[PDB]
Amino acid sequence: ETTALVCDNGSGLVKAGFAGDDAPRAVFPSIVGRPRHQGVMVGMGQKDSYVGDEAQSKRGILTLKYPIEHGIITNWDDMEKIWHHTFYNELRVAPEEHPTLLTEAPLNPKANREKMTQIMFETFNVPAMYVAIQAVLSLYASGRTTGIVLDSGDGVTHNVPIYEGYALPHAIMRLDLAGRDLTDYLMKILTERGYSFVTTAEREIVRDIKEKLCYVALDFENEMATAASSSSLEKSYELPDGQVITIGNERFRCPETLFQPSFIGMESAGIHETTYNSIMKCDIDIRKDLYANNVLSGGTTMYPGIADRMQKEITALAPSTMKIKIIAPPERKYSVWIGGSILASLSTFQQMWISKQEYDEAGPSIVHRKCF
Amino acid sequence: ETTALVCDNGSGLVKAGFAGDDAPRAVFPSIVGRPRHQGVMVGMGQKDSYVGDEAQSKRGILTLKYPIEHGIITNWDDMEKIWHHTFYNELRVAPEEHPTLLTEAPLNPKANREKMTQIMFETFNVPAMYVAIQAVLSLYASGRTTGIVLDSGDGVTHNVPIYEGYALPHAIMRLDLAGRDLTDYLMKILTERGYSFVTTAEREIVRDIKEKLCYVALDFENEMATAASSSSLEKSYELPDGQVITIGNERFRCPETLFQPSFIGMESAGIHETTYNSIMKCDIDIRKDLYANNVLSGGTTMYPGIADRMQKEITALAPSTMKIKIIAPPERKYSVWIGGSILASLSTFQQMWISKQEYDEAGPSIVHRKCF
Amino acid sequence: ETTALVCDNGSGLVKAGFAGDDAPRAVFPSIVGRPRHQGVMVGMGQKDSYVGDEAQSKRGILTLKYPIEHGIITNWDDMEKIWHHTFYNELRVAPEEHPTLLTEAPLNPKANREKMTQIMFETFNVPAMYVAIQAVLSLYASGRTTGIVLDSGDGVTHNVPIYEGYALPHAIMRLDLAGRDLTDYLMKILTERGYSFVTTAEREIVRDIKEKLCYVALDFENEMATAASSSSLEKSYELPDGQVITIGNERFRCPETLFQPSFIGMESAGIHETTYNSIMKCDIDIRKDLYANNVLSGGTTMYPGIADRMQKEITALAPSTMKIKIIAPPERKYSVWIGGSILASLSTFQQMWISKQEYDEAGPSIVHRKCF
Amino acid sequence: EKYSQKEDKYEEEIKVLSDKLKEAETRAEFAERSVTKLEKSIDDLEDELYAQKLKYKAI
Amino acid sequence: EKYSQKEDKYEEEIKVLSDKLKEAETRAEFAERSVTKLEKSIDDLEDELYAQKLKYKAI
C-alpha cells in the first residue's frame with residue numbers, strides 16, 4: 001500500500017510523519033528565516049531561506065517570520081518552505097511517491113483550501129491528497145465515532161460536534177484565542193510585573209515558560225486569593241543567560257483568558273460557553289453522546305488540572321441529566337495527527353483521495369467535491 | 001394450521017407476530033428513515049434506508065417518514081420498508097412460508113386494498129393472505145359477535161356496529177382524530193404555555209408524554225376549575241437531557257378534542273355522539289345490544305378513567321330504557337391484533353384465504369370478492 | 001379618542017409612535033447595554049444602562065444584552081429599558097396619559113403576556129392597554145378581514161390564516177428563522193469565503209449588508225449556476241474603515257434557508273410549505289380566499305423579487321383550481337404598526353381596552369379574557 | 001482507556017437499567033392498584049348477583 | 001485506581017439492577033396473569049348476572 005504523509009499544520013509546532021505509525025516522527029518549530037546580509041552565508045553552500053532547527057541555530061545571521069497565524073496560512077511563500085523542509089530535510093523522502101493528508105481548522109477559508117491543493121500538486125507533484133478538519137481526526141484517536149471535540153491548538157480554539165465521522169456544519173463554534181495569543185498575553189502581564197520582555201528572542205522563552213509552568217486552576221478566585229495571601233503560587237525559572245526570574249499568578253491568569261475573553265478586549269464567549277452553545281444546536285437523541293463524549297484536543301489542552309475545571313464548568317451550564325464527562329487522551333497534543341494516521345490507513349478511505357487526474361480536470365476546486 | 005402472521009399496522013406503533021399466540025411478539029415504532037446528506041458514515045458500513053428501533057437510535061443522519069398517516073397508507077415505499085423490516089429483521093422468518101392476516105381500517109380505500117394485495121403477493125410472494133377489518137377483530141377479541149367497536153387508533157377513530165359478526169356499512173362512522181393528531185395538538189398547547197417545541201425529536205417525547213400523563217376527566221368543567229383554583233392537576237416530567245418541565249391542564253385538554261372537535265376547527269361531532277348516532281342508524285331491535293356492548297379498542301383508549309366518562313356521556317344521549325355498559329378489555333391496545341390471532345388460528349378461516357392462484361387469475365381486485 | 005401609542009416591538013428594530021398616524025414616529029435598534037467595568041468614562045455622566053441609538057453612538061463601553069430574541073422577550077429587565085427609552089427619550093411624553101397598544105407574536109407565551117401586562121401597569125402606570133396579534137394587524141393594514149399573513153420578522157416567521165378577522169388557532173404555524181438568524185447565518189458563510197467576522201461590532205455591519213444586498217432569487221439553481229459560471233452575481237461593499245469587500249452568492253443563499261431549513265440543521269419545513277399547510281388545515285370553503293390573499297409582512301419580506309418566487313412556489317404546492325396572488329404592501333415592514341394605528345384609532349376598539357380597574361381586580365391574567 | 005470506555009458503558013447500562021426498572025416498577029405499582037380496584041368491583045358484582053338472585057327467588 | 005474501584009461497584013450495581021429488573025418483570029407478569037384471572041371471573045359473573053336479569057324479567 002502507498003505510504004501517506006500526514007502533516008499536521010500547527011500554528012507553533014509542525015507535527016509530521018508517516019502513516020502506519022501511532023506517533024509523529026518529526027516535530028519542529030513553525031518558523032521560517034531569510035538572511036540579514038545582501039546574500040548567502042560567507043564561504044558556505046547557497047541557501048535563500050532557512051527553517052526549523054537550522055533557522056533556530058543560525059539565528060544570528062537571519063530575520064525570522066511565521067508562515068501560519070491563528071490557524072490561517074498568513075504567507076503562502078513560507079508555508080511552502082515548511083513543506084520543503086518537511087519532505088527533503090526531516091523525512092528525507094520524495095513526496096511525489098507518498099500521498100498527502102493535510103490538517104485544517106473547521107471553516108478554513110475556501111480560497112486557502114484551493115491554494116493548498118494547487119501548491120501541493122504543481123510544485124511537489126503529489127500522487128494524491130486529502131484535507132481534513134482537526135477535531136474529526138482527534139475523535140478517531142479517542143476511539144469513538146460520535147461525540148464533541150474541544151480542540152485548542154497553538155493559535156485557535158474550536159468546539160466541533162461529530163456524528164459517525166461527520167462534523168455537524170450548523171453546530172460548530174470558533175474562538176481565535178489559544179497558544180499564539182497566549183504567549184503574547186503572557187509577555188504583556190510579565191512586563192506588568194516588571195519583568196519587561198520587549199524582544200522576540202525573549203518571546204520564544206516566554207512561549208516555553210508558558211508550556212512548562214502554566215496550569216489550569218480549578219477555582220480562579222480561590223487560587224487568585226491564595227497568590228494574594230501567600231507566595232506559594234509562584235515557580236522559579238532560570239533564564240538561559242543566568243538570572244533567576246520568578247513567575248507568579250501569571251501562571252493561571254494567562255490561560256484564564258480562555259474562560260473570560262473580556263480580559264483582552266474580545267466580545268467573544270468562553271471556551272466552556274461555546275461548548276454548551278454548540279451542543280444545544282443538536283438533536284436530543286444525540287445530545288446524550290455529545291455531552292458524554294466531550295474530548296479535549298490540541299497543545300493548549302496539555303496544561304495540568306484542565307479536566308476538573310472543564311468538568312465543573314460544563315455541568316454548571318448543562319442540565320444535570322445529560323451525563324457529563326471530560327475525555328482527555330493520553331497524548332492529546334498529537335490526537336489530530338494520530339487520527340490522520342488511522343484515517344489514512346483505513347481500507348475504505350483509499351477511495352476518498354483527490355487524484356492528480358481529477359486535479360488536472362477541475363483545478364484546485366476538486367477539494368470541495370472530495371473533501372467536506 | 002400453517003402459521004399465520006398477524007400484522008396490525010398501527011398509525012404510530014406496528015404490532016406484529018405469529019398466530020396461535022394471545023399477545024404480539026414485536027411491538028415497534030411505525031417509522032422509516034432516509035439520509036439527510038450525500039455520504040452517511042466514515043470508516044464503517046452504510047445503507048440507503050432504516051426502520052423502527054434502528055431509525056430511532058441511529059437518528060442524527062435521518063429524515064423520518066411514516067407508512068401510515070390517519071389510518072391511511074400515504075406512501076407505499078415506506079409501508080414496504082416496514083414490511084421488509086417485519087419479516088426479515090424482527091421475526092427473522094421467510095413470509096413466503098406464512099400466510100398473512102393484514103388488518104385494514106373500517107372503509108379503507110379500495111385502490112389501497114388492492115395496492116396492499118399486489119405488494120404482498122408480488123414482492124414478498126406470500127402464499128396466501130386475507131384482509132380483515134381492525135374493529136371487527138377487536139370485537140372477536142372480546143368474545144362476542146354483537147356490539148359496537150369504537151377503535152380509536154394512533155391516528156383514526158371508527159365506530160363500527162356489528163351484528164352477527166357482520167359490519168353494517170350504513171352505520172360506520174370514521175373520525176379522523178386520535179393519537180397522531182393528539183401529539184400535534186399537545187405540542188401546540190405546550191407552546192402556548194411557554195414550553196415551545198419545534199424539532200421532531202421533541203415531538204416524539206411529547207408523544208411519550210401524552211401516552212404516560214394524559215388522562216380522561218370524568219367532568220371537563222370541574223377538572224378545568226380545579227386546575228384554575230389549585231396547581232394539583234399538574235405532573236412533572238424530567239426531559240431526557242435534564243430540565244424539569246411541568247405539564248398542566250394540557251393533560252386532559254389534549255384528549256378533550258375527541259369529545260369537542262371544534263377546539264381544532266372541525267365540523268365533526270364527538271366520539272360519544274358518533275357512537276350514539278351509529279346505534280340510531282342501526283335496526284331498532286339490536287340497539288339494546290349495541291349500547292350494552294360498547295367495546296373499547298386501540299391505543300387512544302388506554303388513558304385512565306375513560307370508562308366512567310364514556311358511561312356518562314352515552315347514558316346522557318341514549319334512553320334510560322336501553323341498558324348501557326362500557327366494556328374495556330384488559331389490554332385493549334392489542335385487541336385488533338389479538339382478534340387477528342384468534343381468527344387466523346380458526347380452521348374455518350382456512351377456507352377464506354385468498355390463494356395465489358386466486359391472485360394470478362383476477363389480479364389485486366380479488367380482495368373485494370373475498371373481503372368485505 | 002385618547003392618543004394611543006402603538007409600540008411594534010420588533011426583534012431587530014423597535015417601531016413606536018402615536019396613533020392617528022399612518023406611519024411610525026421612531027424606528028430604532030432593539031439593543032440594550034451595560035458598562036464592562038466599574039469606572040470606564042471620564043468628564044461625562046456614567047449610567048447603569050444604555051439603549052438604542054444612545055448605546056450605538058458610544059458602543060465601546062458596553063456589554064450588550066438583548067430584550068427580545070426570536071420574537072420572545074428573553075430578558076424582562078432590558079424590555080423595560082426599551083420602554084423607558086420609548087416614552088421619555090424618543091416621544092418625550094408621559095405614558096400614563098396614553099393608552100398603549102402592544103403587539104404580540106402569534107402564540108406568544110401566556111406567562112409573557114402577563115409579565116408584559118403587569119410591567120406596563122405597575123411601573124409605567126398606563127391607563128389602559130390592549131395586546132393585539134402582530135399578523136392580525138398586518139391584515140387590517142392591507143384592508144381586509146380575510147387572508148393569510150406570513151409575518152416574517154427580524155427573528156420569527158408566522159403563518160396566521162384569518163377569516164372574518166378571527167385568527168384560526170389550529171392552523172397557526174410558527175417558524176423560528178428570519179432576520180436575527182439570517183445575520184448569524186450570513187456571518188458564518190462569509191467566514192467560509194474567507195471574510196472572517198468574529199466580533200459582534202462586525203455582525204451589525206453584516207446585518208446592514210444583509211438588509212441592503214440580499215435579494216430573493218426566482219430560481220435558486222439557475223442563479224447559483226450563474227454565480228458559478230460568471231462573477232456577475234456579486235456586489236461590492238466598502239466597510240466603514242475602508243477596505244472593499246466583495247459579497248458573492250451569499251446574497252441569495254442567506255435567505256435561501258427560509259425555503260430549505262435543512263441547510264442549518266432544522267427539521268422544520270419551508271415558509272412556502274407552511275403557508276400551503278396552513279391553508280390545508282383551514283376549512284375547505286375559505287382556502288380560495290387565503291391563497292388569493294397571501295399577504296406579506298415584516299422586515300424579512302423586504303428583499304426584492306420576493307413576490308415572483310412566492311407566486312411560483314405557492315402555485316406549485318396549491319391546485320390550479322384555486323386562485324393564487326401575492327399581496328405585497330407598499331411599506332410592508334411597517335404593516336404591523338400601521339395596523340395597530342388603524343385599530344387603535346377605531347371608536348369600536350375603545351370598549352375593548354383593559355382598564356386599570358380591570359387590572360386591579362384580576363391581576364396580569366386579565367389579558368387572556370380580553371385578548372385572544 | 002479500556003477501563004474508561006468500559007466505565008462509560010457501565011454508567012450508560014446503569015442509566016438504561018434504572019430507567020427500564022422504573023418502567024417495570026410503575027407498571028407493578030399499577031398492577032397492585034388494579035387488583036385492589038377489581039376486588040372492589042368483584043365485591044359489587046357478587047352483591048348485585050345475590051340481590052338479583054333474591055329478586056328472581058322472590059317472584 | 002479509582003476506575004478499578006468504580007468498575008467494581010458498577011458491576012455490582014449492574015448485577016443488582018439486572019436481578020431487580022428480572023424480578024420486577026416476572027412478578028409484574030404474574031400480577032397481569034392475576035388480573036386476567038380476575039377479569040375472567042368478572043366476565044363469568046357478568047354473564048351470569050345478565051342471564052339472571054333475563055330470567056328475572058321473565059318471572
# chains A, B, ... in the order shown; residues from 1 in each chain; ligands from 1
call {"tool": "closest_atom_pairs", "arguments": {"of": "chain A", "to": "chain D", "cutoff": "12 Å", "atoms": "only C-alpha atoms", "output": "CSV"}}
result
residue,atom,partner,partner_atom,distance
A:141,CA,D:1,CA,11.5
A:142,CA,D:1,CA,9.0
A:143,CA,D:5,CA,8.8
A:144,CA,D:5,CA,9.2
A:288,CA,D:12,CA,9.8
A:289,CA,D:12,CA,10.2
A:292,CA,D:8,CA,8.3
A:293,CA,D:8,CA,9.5
A:321,CA,D:15,CA,10.2
A:322,CA,D:15,CA,10.9
A:323,CA,D:12,CA,8.6
A:324,CA,D:8,CA,10.5
A:325,CA,D:8,CA,8.9
A:326,CA,D:4,CA,10.7
A:327,CA,D:4,CA,8.7
A:328,CA,D:1,CA,9.7
A:329,CA,D:1,CA,8.2
A:330,CA,D:1,CA,8.5
A:331,CA,D:1,CA,12.0
call {"tool": "write_last_selection", "arguments": {"atoms": "N, CA and C atoms", "output": "short mmCIF file (atom, residue, chain, number, x, y, z; two decimals), in the first residue's frame"}}
result
data_model
loop_
_atom_site.label_atom_id
_atom_site.label_comp_id
_atom_site.auth_asym_id
_atom_site.auth_seq_id
_atom_site.Cartn_x
_atom_site.Cartn_y
_atom_site.Cartn_z
N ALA A 141 -8.85 9.26 17.10
CA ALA A 141 -7.80 8.98 18.09
C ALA A 141 -8.34 8.78 19.52
N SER A 142 -9.54 9.27 19.85
CA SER A 142 -10.25 8.98 21.10
C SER A 142 -11.04 7.66 21.09
N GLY A 143 -10.94 6.85 20.02
CA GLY A 143 -11.56 5.52 19.92
C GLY A 143 -13.09 5.52 19.75
N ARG A 144 -13.69 6.68 19.44
CA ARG A 144 -15.15 6.92 19.40
C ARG A 144 -15.57 7.51 18.06
N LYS A 288 -27.07 13.10 24.24
CA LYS A 288 -26.54 12.11 25.19
C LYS A 288 -25.10 11.70 24.86
N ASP A 289 -24.81 11.35 23.61
CA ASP A 289 -23.44 11.02 23.19
C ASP A 289 -22.53 12.26 23.14
N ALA A 292 -21.73 13.27 26.90
CA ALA A 292 -20.92 12.20 27.47
C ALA A 292 -19.51 12.10 26.84
N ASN A 293 -19.36 12.44 25.56
CA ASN A 293 -18.10 12.36 24.82
C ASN A 293 -17.52 13.75 24.50
N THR A 321 -29.12 16.04 33.91
CA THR A 321 -29.47 14.68 33.39
C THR A 321 -28.93 14.32 32.00
N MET A 322 -28.19 15.24 31.37
CA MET A 322 -27.16 14.80 30.42
C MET A 322 -26.01 14.27 31.27
N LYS A 323 -25.51 13.06 30.97
CA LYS A 323 -24.28 12.58 31.60
C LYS A 323 -23.14 13.51 31.19
N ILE A 324 -22.36 14.04 32.14
CA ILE A 324 -21.23 14.90 31.78
C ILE A 324 -19.91 14.19 32.07
N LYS A 325 -18.95 14.13 31.14
CA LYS A 325 -17.66 13.50 31.46
C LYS A 325 -16.66 14.06 30.43
N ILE A 326 -15.45 14.52 30.92
CA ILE A 326 -14.29 15.05 30.10
C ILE A 326 -13.47 13.76 29.73
N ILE A 327 -13.20 13.63 28.43
CA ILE A 327 -12.27 12.67 27.85
C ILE A 327 -11.00 13.44 27.51
N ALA A 328 -9.89 13.06 28.13
CA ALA A 328 -8.64 13.63 27.85
C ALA A 328 -7.75 12.54 27.44
N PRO A 329 -7.40 12.41 26.15
CA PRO A 329 -6.46 11.38 25.66
C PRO A 329 -5.07 11.39 26.35
N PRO A 330 -4.29 10.28 26.31
CA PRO A 330 -3.07 10.16 27.00
C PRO A 330 -2.04 11.13 26.41
N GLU A 331 -2.14 11.48 25.08
CA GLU A 331 -1.12 12.34 24.42
C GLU A 331 -1.91 13.18 23.48
#
call {"tool": "calpha_fit_and_write", "arguments": {"fixed": "chain D", "moving": "chain E", "output": "mmCIF file with C-alpha atoms, in the first residue's frame"}}
result
data_model
loop_
_atom_site.group_PDB
_atom_site.id
_atom_site.type_symbol
_atom_site.label_atom_id
_atom_site.label_comp_id
_atom_site.auth_asym_id
_atom_site.auth_seq_id
_atom_site.Cartn_x
_atom_site.Cartn_y
_atom_site.Cartn_z
ATOM 1 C CA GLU E 1 -8.042 2.492 28.518
ATOM 2 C CA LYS E 2 -10.451 -0.393 28.304
ATOM 3 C CA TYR E 3 -11.468 -0.053 32.007
ATOM 4 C CA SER E 4 -12.318 3.636 31.347
ATOM 5 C CA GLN E 5 -14.400 2.654 28.323
ATOM 6 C CA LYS E 6 -16.035 -0.287 29.991
ATOM 7 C CA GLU E 7 -16.812 2.084 33.010
ATOM 8 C CA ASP E 8 -18.471 4.612 30.636
ATOM 9 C CA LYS E 9 -20.714 2.000 29.093
ATOM 10 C CA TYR E 10 -21.530 0.405 32.376
ATOM 11 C CA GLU E 11 -22.582 3.816 33.943
ATOM 12 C CA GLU E 12 -24.853 4.210 30.931
ATOM 13 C CA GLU E 13 -26.183 0.680 31.384
ATOM 14 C CA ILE E 14 -26.754 1.147 35.036
ATOM 15 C CA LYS E 15 -28.622 4.307 34.379
ATOM 16 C CA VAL E 16 -30.733 2.669 31.646
ATOM 17 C CA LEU E 17 -31.421 -0.384 33.855
ATOM 18 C CA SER E 18 -32.280 1.717 36.866
ATOM 19 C CA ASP E 19 -34.793 4.050 34.962
ATOM 20 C CA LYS E 20 -36.230 0.815 33.439
ATOM 21 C CA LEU E 21 -36.650 -0.821 36.899
ATOM 22 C CA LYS E 22 -38.364 2.386 38.270
ATOM 23 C CA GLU E 23 -40.642 2.629 35.286
ATOM 24 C CA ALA E 24 -41.424 -1.140 35.499
ATOM 25 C CA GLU E 25 -42.284 -0.778 39.211
ATOM 26 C CA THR E 26 -44.536 2.351 38.875
ATOM 27 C CA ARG E 27 -46.414 0.910 35.940
ATOM 28 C CA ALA E 28 -46.570 -2.545 37.569
ATOM 29 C CA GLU E 29 -47.837 -0.829 40.704
ATOM 30 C CA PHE E 30 -50.502 1.071 38.528
ATOM 31 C CA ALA E 31 -51.583 -2.183 36.958
ATOM 32 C CA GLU E 32 -51.923 -3.841 40.537
ATOM 33 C CA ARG E 33 -54.169 -0.762 41.448
ATOM 34 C CA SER E 34 -55.986 -1.469 38.194
ATOM 35 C CA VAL E 35 -56.667 -5.021 39.229
ATOM 36 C CA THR E 36 -57.723 -3.846 42.732
ATOM 37 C CA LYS E 37 -60.257 -1.537 41.091
ATOM 38 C CA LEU E 38 -61.529 -4.322 38.811
ATOM 39 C CA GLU E 39 -61.769 -6.766 41.748
ATOM 40 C CA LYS E 40 -63.752 -4.159 43.686
ATOM 41 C CA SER E 41 -66.125 -4.031 40.738
ATOM 42 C CA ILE E 42 -66.345 -7.950 40.705
ATOM 43 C CA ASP E 43 -67.198 -7.812 44.418
ATOM 44 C CA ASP E 44 -69.971 -5.218 43.718
ATOM 45 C CA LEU E 45 -71.407 -7.141 40.957
ATOM 46 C CA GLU E 46 -71.205 -10.435 42.944
ATOM 47 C CA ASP E 47 -73.016 -8.967 45.865
ATOM 48 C CA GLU E 48 -75.578 -7.406 43.609
ATOM 49 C CA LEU E 49 -76.019 -10.773 41.742
ATOM 50 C CA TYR E 50 -76.480 -12.539 45.172
ATOM 51 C CA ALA E 51 -79.094 -9.949 46.246
ATOM 52 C CA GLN E 52 -80.745 -10.500 42.903
ATOM 53 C CA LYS E 53 -80.646 -14.298 43.613
ATOM 54 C CA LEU E 54 -82.347 -13.829 47.048
ATOM 55 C CA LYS E 55 -85.098 -11.663 45.448
ATOM 56 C CA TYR E 56 -85.429 -13.981 42.401
ATOM 57 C CA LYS E 57 -85.853 -17.004 44.742
ATOM 58 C CA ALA E 58 -88.478 -14.957 46.626
ATOM 59 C CA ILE E 59 -90.379 -13.840 43.530
#
call {"tool": "interface_residues", "arguments": {"of": "chain C", "to": "chain A", "cutoff": "6 Å", "atoms": "only C-alpha atoms", "output": "ChimeraX atom specification"}}
result
/C:192-194,264-265
call {"tool": "closest_residue", "arguments": {"among": "A:272, A:98, A:188, A:113", "to": "residue 253 in chain A", "atoms": "only C-alpha atoms"}}
result
A:188
call {"tool": "select_by_dssp", "arguments": {"residues": "range 269-323 of chain A", "states": "strand (DSSP E or B)", "output": "PyMOL selection string"}}
result
chain A and resi 294-297
call {"tool": "residues_around", "arguments": {"residues": "residue 133 in chain A", "least_positions_apart": "2", "cutoff": "8 Å", "atoms": "only C-alpha atoms", "output": "ChimeraX atom specification"}}
result
/A:103-106,131,135-137
call {"tool": "residues_around", "arguments": {"residues": "range 198-211 of chain C", "least_positions_apart": "3", "cutoff": "10 Å", "atoms": "only C-alpha atoms", "output": "mmCIF file with N, CA and C atoms, in the first residue's frame"}}
result
data_model
loop_
_atom_site.group_PDB
_atom_site.id
_atom_site.type_symbol
_atom_site.label_atom_id
_atom_site.label_comp_id
_atom_site.auth_asym_id
_atom_site.auth_seq_id
_atom_site.Cartn_x
_atom_site.Cartn_y
_atom_site.Cartn_z
ATOM 1 N N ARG A 174 -16.254 28.649 16.913
ATOM 2 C CA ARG A 174 -14.847 29.080 16.796
ATOM 3 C C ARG A 174 -14.507 30.203 17.781
ATOM 4 N N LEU A 175 -13.271 30.191 18.277
ATOM 5 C CA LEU A 175 -12.642 31.231 19.087
ATOM 6 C C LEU A 175 -11.153 31.367 18.694
ATOM 7 N N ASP A 176 -10.765 32.478 18.063
ATOM 8 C CA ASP A 176 -9.411 32.813 17.880
ATOM 9 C C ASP A 176 -8.864 33.275 19.214
ATOM 10 N N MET A 266 -11.805 41.240 23.731
ATOM 11 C CA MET A 266 -12.681 40.484 22.825
ATOM 12 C C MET A 266 -14.154 40.539 23.262
ATOM 13 N N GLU A 267 -15.077 40.522 22.300
ATOM 14 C CA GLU A 267 -16.527 40.378 22.543
ATOM 15 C C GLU A 267 -17.008 38.916 22.647
ATOM 16 N N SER A 268 -16.151 37.950 22.316
ATOM 17 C CA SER A 268 -16.464 36.514 22.293
ATOM 18 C C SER A 268 -16.792 35.926 23.673
ATOM 19 N N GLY C 12 -35.395 43.262 15.982
ATOM 20 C CA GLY C 12 -34.194 43.962 15.497
ATOM 21 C C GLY C 12 -34.345 45.483 15.367
ATOM 22 N N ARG C 59 -20.808 52.687 21.637
ATOM 23 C CA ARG C 59 -20.981 51.246 21.913
ATOM 24 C C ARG C 59 -19.811 50.605 22.683
ATOM 25 N N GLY C 60 -18.598 51.148 22.564
ATOM 26 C CA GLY C 60 -17.365 50.538 23.079
ATOM 27 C C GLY C 60 -17.340 50.244 24.589
ATOM 28 N N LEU C 64 -23.518 44.344 25.449
ATOM 29 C CA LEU C 64 -24.931 44.319 25.042
ATOM 30 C C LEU C 64 -25.645 43.086 25.609
ATOM 31 N N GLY C 179 -34.933 37.207 10.403
ATOM 32 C CA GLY C 179 -33.890 38.228 10.335
ATOM 33 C C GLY C 179 -32.759 38.149 11.344
ATOM 34 N N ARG C 180 -33.001 37.684 12.574
ATOM 35 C CA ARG C 180 -31.947 37.503 13.593
ATOM 36 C C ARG C 180 -30.984 36.390 13.185
ATOM 37 N N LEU C 182 -30.706 35.044 10.277
ATOM 38 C CA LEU C 182 -30.246 35.360 8.966
ATOM 39 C C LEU C 182 -28.928 36.083 9.013
ATOM 40 N N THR C 183 -28.709 37.018 9.996
ATOM 41 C CA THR C 183 -27.458 37.674 10.205
ATOM 42 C C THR C 183 -26.408 36.730 10.648
ATOM 43 N N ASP C 184 -26.705 35.853 11.612
ATOM 44 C CA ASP C 184 -25.726 34.895 12.149
ATOM 45 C C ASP C 184 -25.300 33.903 11.073
ATOM 46 N N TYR C 185 -26.268 33.455 10.280
ATOM 47 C CA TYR C 185 -26.003 32.629 9.111
ATOM 48 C C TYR C 185 -25.178 33.292 8.061
ATOM 49 N N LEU C 186 -25.438 34.578 7.802
ATOM 50 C CA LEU C 186 -24.723 35.310 6.762
ATOM 51 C C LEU C 186 -23.282 35.394 7.120
ATOM 52 N N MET C 187 -23.023 35.671 8.418
ATOM 53 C CA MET C 187 -21.717 35.814 9.020
ATOM 54 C C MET C 187 -20.942 34.517 8.914
ATOM 55 N N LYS C 188 -21.585 33.366 9.165
ATOM 56 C CA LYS C 188 -20.920 32.050 9.030
ATOM 57 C C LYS C 188 -20.385 31.824 7.606
ATOM 58 N N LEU C 190 -19.842 33.997 5.021
ATOM 59 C CA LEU C 190 -18.794 34.922 4.760
ATOM 60 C C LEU C 190 -17.509 34.446 5.317
ATOM 61 N N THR C 191 -17.378 33.800 6.516
ATOM 62 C CA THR C 191 -16.137 33.272 7.118
ATOM 63 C C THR C 191 -15.646 32.185 6.194
ATOM 64 N N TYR C 195 -13.844 35.884 4.408
ATOM 65 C CA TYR C 195 -14.052 37.153 5.022
ATOM 66 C C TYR C 195 -14.518 36.891 6.393
ATOM 67 N N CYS C 214 -29.129 41.508 0.109
ATOM 68 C CA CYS C 214 -29.824 40.325 -0.152
ATOM 69 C C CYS C 214 -31.020 40.473 -1.041
ATOM 70 N N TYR C 215 -31.332 39.480 -1.874
ATOM 71 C CA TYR C 215 -32.357 39.522 -2.780
ATOM 72 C C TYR C 215 -32.834 38.142 -2.816
ATOM 73 N N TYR C 237 -19.071 45.976 -1.318
ATOM 74 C CA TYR C 237 -19.423 46.858 -0.234
ATOM 75 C C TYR C 237 -18.146 47.382 0.442
ATOM 76 N N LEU C 239 -16.484 48.711 3.579
ATOM 77 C CA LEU C 239 -16.638 48.733 5.043
ATOM 78 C C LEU C 239 -16.343 50.129 5.657
ATOM 79 N N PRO C 240 -16.854 50.426 6.871
ATOM 80 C CA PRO C 240 -16.785 51.760 7.479
ATOM 81 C C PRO C 240 -15.388 52.208 7.958
ATOM 82 N N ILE C 247 -19.290 40.870 -1.884
ATOM 83 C CA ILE C 247 -20.265 39.859 -1.375
ATOM 84 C C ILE C 247 -20.819 39.077 -2.573
ATOM 85 N N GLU C 250 -23.796 34.529 -1.458
ATOM 86 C CA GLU C 250 -24.227 34.664 -0.089
ATOM 87 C C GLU C 250 -25.436 35.520 -0.052
ATOM 88 N N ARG C 251 -25.563 36.419 -1.053
ATOM 89 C CA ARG C 251 -26.734 37.272 -1.195
ATOM 90 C C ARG C 251 -28.063 36.639 -1.271
ATOM 91 N N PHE C 252 -28.128 35.453 -1.926
ATOM 92 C CA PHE C 252 -29.353 34.733 -2.188
ATOM 93 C C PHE C 252 -29.372 33.419 -1.401
ATOM 94 N N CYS C 254 -28.299 33.259 1.783
ATOM 95 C CA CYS C 254 -28.674 33.657 3.121
ATOM 96 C C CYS C 254 -30.125 33.501 3.296
ATOM 97 N N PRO C 255 -30.966 34.097 2.543
ATOM 98 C CA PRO C 255 -32.393 33.946 2.642
ATOM 99 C C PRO C 255 -32.848 32.608 2.115
ATOM 100 N N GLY C 299 -40.060 42.718 8.197
ATOM 101 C CA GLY C 299 -38.802 43.179 7.704
ATOM 102 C C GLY C 299 -38.120 42.266 6.795
ATOM 103 N N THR C 300 -38.293 40.971 7.008
ATOM 104 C CA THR C 300 -37.586 39.896 6.157
ATOM 105 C C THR C 300 -38.189 39.832 4.770
ATOM 106 N N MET C 302 -38.804 42.333 2.763
ATOM 107 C CA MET C 302 -38.472 43.496 2.017
ATOM 108 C C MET C 302 -37.303 43.286 1.085
ATOM 109 N N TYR C 303 -36.726 42.065 0.942
ATOM 110 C CA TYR C 303 -35.824 41.678 -0.056
ATOM 111 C C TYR C 303 -36.462 41.710 -1.429
#
call {"tool": "select_by_dssp", "arguments": {"residues": "range 206-361 of chain B", "states": "helix (DSSP H, G or I)", "output": "ChimeraX atom specification"}}
result
/B:206-213,220-229,250-256,261-264,271-281,284-292,299-302,306-317,332-344,347-351,356-361
call {"tool": "decode", "arguments": {"residues": "range 1-6 of chain B", "atoms": "N, CA and C atoms", "output": "compact mmCIF listing (two decimals), in the first residue's frame"}}
result
# COMPACT_ATOMS: atom_id res chain seq x y z
N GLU B 1 -52.62 -26.10 10.99
CA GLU B 1 -52.77 -24.80 10.54
C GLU B 1 -51.40 -24.16 10.43
N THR B 2 -51.11 -23.72 9.23
CA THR B 2 -49.91 -23.03 8.76
C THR B 2 -49.84 -21.69 9.39
N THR B 3 -48.59 -21.38 9.88
CA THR B 3 -48.51 -20.32 10.85
C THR B 3 -48.73 -18.95 10.13
N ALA B 4 -49.73 -18.26 10.64
CA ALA B 4 -50.09 -17.05 10.00
C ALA B 4 -49.45 -15.97 10.79
N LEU B 5 -49.10 -14.89 10.08
CA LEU B 5 -48.71 -13.69 10.66
C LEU B 5 -49.89 -12.84 10.78
N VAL B 6 -49.85 -12.06 11.83
CA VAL B 6 -50.89 -11.08 12.09
C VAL B 6 -50.07 -9.85 12.17
